[PDB]
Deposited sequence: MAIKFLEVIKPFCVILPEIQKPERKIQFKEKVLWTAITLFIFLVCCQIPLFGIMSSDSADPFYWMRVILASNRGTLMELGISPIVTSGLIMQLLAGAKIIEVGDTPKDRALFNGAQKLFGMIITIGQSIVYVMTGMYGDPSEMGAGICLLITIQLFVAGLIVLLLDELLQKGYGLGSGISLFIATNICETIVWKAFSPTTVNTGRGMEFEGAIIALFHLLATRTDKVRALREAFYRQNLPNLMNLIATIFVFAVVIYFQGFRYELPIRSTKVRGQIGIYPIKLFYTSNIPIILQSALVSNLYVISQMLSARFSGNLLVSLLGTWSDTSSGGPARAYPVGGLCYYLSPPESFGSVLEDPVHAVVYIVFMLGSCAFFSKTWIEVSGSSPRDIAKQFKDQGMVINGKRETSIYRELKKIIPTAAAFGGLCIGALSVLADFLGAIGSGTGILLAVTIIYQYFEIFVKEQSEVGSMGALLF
């Protein structure tokens, strides 16, 4: 109860009594993502140097972060606070208190992570900075996290289509893909002035100079056109598999006469297997890198991963890492097989565990059907859970397996954005599209 006095001292977005139509929701979602994008390009003040290694390079994709800028914590405070409060709950006014505690724990996590980032050695030496510079960075990150929570609450309360977390993750992934496809940034080595952007390179190479096509396609130091082709192909395949669904014909027994279709998608858990697997792997990368930086030489740290951008060469983090290129696959086929097996198994296991946990289990769906009077069209009321026990577990496990296979395919093909990134982007965009079609069908 002592949280409640501190829960009220934080702003809350005004809940719109009248529902907003799709056009204004899309416009405000665009405004929110534009604000986030502007914030993630503005560097912090007081940063002495950014020439050091980046401790959390593996979190910058799943947490929608950006090193050295305002959006450096990204969405980590929101996810951490939400998970903490969900674990506490598992262990009107009630929802207002819940949201206030969400905000309070988000600010606490933001302060803690800002202190950790300041003391971990980046931005320069914390001791040489002084109290003023480190403190100013702390307020900058605190206000940035407050703004992220405000935007997320705006989206959740209704001025936006979905949630801040998914929107920011998808926006960062899409921005990365478009930048690697169209970057005007140029890098020189001696062959000539070459654009980093894959498509920009093609126009530049042809105008500057048949070989040009080979240089633009089979290039190995900057984004390629074959990488973009792989990205487009993975987009198309993930879209095709996302469109998969199982259509149960359900009837109604309470209101005599009401017919509908209950869809059980192939991607039953959506991108949750990808989110869980990628979060686990990235946290393992960060932990292994930090342990190998400090306690280098210990056998346990060596087994957790030996690093060489630092990429693993041996250990658990190495066997959990996608092959660097095709030559990596040929040189170490055992690593490729182990990584494929780990990806598929982890994705399937996470999918089935998530349907058991979240509340989409066949027993829970049968209970929901019983609460609403819905019965399958031909199956008797007795066979409502069984016809769900024959679909939902298999659908969840196979959706996890397929989404893991798509991630492996994207990683092997060399896709810009990577398997996780691309899969997260497609799943989030499809969530927005399905919200759109739901709103249209309601009208």
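*Asks:* For this chain, which runs of the deposited sequence have no C-alpha coordinates, given in order from the N-terminus?
*Replies:* Coordinates drop out over 1 to 6, 98 to 105, 224 to 226, 326 to 333, 469 to 476.
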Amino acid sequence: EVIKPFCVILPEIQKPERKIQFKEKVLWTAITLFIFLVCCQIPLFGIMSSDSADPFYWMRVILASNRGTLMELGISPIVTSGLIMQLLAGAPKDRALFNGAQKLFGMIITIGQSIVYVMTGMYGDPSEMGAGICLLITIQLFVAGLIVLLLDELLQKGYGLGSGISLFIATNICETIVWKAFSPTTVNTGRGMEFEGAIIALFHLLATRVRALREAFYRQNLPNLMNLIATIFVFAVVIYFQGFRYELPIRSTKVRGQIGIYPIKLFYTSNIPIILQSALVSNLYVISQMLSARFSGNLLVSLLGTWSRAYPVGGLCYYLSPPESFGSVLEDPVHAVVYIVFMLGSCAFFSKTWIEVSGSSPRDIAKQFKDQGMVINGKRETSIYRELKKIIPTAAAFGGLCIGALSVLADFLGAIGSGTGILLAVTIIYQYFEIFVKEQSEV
From here on, numbers count along this sequence of modelled residues.
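*Asks:* Check this for me: in at least a third of the other entries compared, is residue 309 absent while its neighbours are modelled?
*Replies:* Across the other compared entries, residue 309 is absent from at least a third.
*Asks:* Do a third or more of the other compared PDB entries fail to give coordinates for residue 106?
*Replies:* no, residue 106 modelled in all other entries.
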